[PDB]
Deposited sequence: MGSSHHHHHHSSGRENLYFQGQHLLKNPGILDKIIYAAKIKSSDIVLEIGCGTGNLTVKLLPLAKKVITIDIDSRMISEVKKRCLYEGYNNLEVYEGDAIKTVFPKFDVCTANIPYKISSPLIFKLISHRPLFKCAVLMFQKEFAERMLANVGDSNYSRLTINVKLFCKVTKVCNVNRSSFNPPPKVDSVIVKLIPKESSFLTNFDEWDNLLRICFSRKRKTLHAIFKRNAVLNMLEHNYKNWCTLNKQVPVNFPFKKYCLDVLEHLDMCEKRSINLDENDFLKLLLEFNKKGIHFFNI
C-alpha cells in the first residue's frame, strides 16, 4: 500500500533531477511524504489521487509547511509536465506506459515504481524469454534504467509483492514513428516470438491481411499495384534485410525500425 521509507524517497528525488523551472506530475500522493520533498524543488507540483479525502490532508500538510505551489490516472487528462513520478497499481501498469508514450508535449523524465515482475519486463534483455513487445516499445521511446529495488517491508502495511523503481528518459526522434503501425507490426511478430520472421510472414492469414491493406493503399493513393506475387513482394523485404531466419525475441528496436521502413517503402502498412 503506502511507501514508508525515507531512504527510498531520497533515491526517487536524486533520480528525478528536478529543476525550479520544472512542473512535476505526481500520480498517487498518499500521505504527501514525497509531495513535501518535491515542492521546494519543482516550480509547481500537480498531483492526481483516486481518493478525495486523502487529498485534503496532503493539501493541509503542504500549506502548513509553507508550500503554496501545490495543485490538484488513466482517465484524468494529463497536464503539460516536465517530470513525472508515480507509484503505479499493477492492473494499470501497461495502460500507464502506453499513456506516457502517447503523451504530448514530450516530458524530460519519469521516475516510476512498479510491481517487480512488470519492471523486470520493461528491463528485459534481448533474447531472454521475458523479452516482449512491451520491452521493445519502451526501448524505442525511452532510455530505461533501474533506480532501485523496493522490498515489501518498505510499505505500510506490507504487501505480498516487491517493487522496483525505474527511470525513463524520452528520446525525441523516436516520436517520428507512427505508433499505430509500429505496435501492429510488433503484435504480428511477437505472436510467436521464437519463430523466424519467414515463418511468421508466410502464413496465409498474415499475407491476406497485408495484401488487403496493400491494395487499399494503392487505391487511396491512386497507384497501380505491383504486377508480382504479393507473397514474394512481401517476403523479399525480409530477404533484402537478411532477416528471414531471425526470431523476434532476438531483435531490437533498430531491427524493427528497419523492417517498418522497408515494408512502408513498398506501400505495405500495418492496420
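Taking the first deposited residue as 1, the stretches without any C-alpha atom are 1-22, 95-98, 298-299.
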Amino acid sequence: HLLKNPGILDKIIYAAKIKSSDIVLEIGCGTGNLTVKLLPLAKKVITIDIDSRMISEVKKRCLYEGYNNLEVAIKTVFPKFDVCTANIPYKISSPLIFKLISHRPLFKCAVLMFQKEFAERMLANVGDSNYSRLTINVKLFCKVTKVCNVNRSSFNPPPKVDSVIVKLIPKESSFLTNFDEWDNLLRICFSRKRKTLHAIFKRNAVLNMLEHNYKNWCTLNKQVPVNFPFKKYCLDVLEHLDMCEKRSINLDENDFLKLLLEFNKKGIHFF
From here on, numbers count along this sequence of modelled residues.
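A summary of the deposited B-factors shows that, of 133-141 and 114-122, the stretch with the larger mean C-alpha value is 114-122. Note on 185-193 vs 143-151: mean CA B-factor is higher in 143-151. For the set 168, 83, 200, 96, the maximum C-alpha B-factor listed in the entry falls on 96. If you compare the C-alpha temperature factors of 207, 55, 34, 45 in the entry, 55 comes out highest.
Per the PDB record, residue ranking by Cα B-factor puts residue 49 in the highest third of the chain. Residue-level temperature factors show residue 243 in the highest third of its chain, judged at the C-alpha atom. Residue 26 sits in the middle third of its chain by CA B factor, as recorded in the PDB entry. Sort the chain's modelled residues by C-alpha temperature factor and residue 162 lands in the highest third, per the entry.
The PDB entry assigns residue 65 a C-alpha temperature factor belonging to the highest third of its chain's modelled residues.
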